[PDB]
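Below, in structure tokens: the form solved without the DNA, a single chain.
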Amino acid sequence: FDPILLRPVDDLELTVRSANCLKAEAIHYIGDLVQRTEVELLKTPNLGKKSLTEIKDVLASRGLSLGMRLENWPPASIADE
């Protein structure tokens, strides 16, 4: 599995309006991020175009795709509590 992917958009280390705004859209995990749709996500009253280039840079910098449903998400790398 991809580690950055398992990471939370907030801590994904992306921009401030991209990752941050991502966790505000019920997508605190970059996994769900790629498992969504930048079409409507990049049209909210708190998004932007310069952000679509980043979110896409993550969905394309890790062999991912738009709405690319991940395997059995989330992975087993989050079972400590």
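Sequential numbering from 1, following the sequence displayed.
Separately, the form solved in complex with the DNA exists; it is not shown, and the next lines address it.
Visitor: Check, residue by residue, if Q35, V39 and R69 all come within 4.5 Å of the DNA in the bound PDB entry, counting heavy atoms only.
Guide: Contact check failed for every one of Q35, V39 and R69.
Visitor: May I ask you to check whether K23 falls inside a 4.5 Å heavy atom distance of the DNA in the bound PDB entry?
Guide: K23: no, not in contact with the DNA in the bound PDB entry.
Visitor: Which residues, if any, of 5-31 lie within 4.5 Å of the DNA in the bound PDB entry when only heavy atoms count?
Guide: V16, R17, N20, in sequence order.
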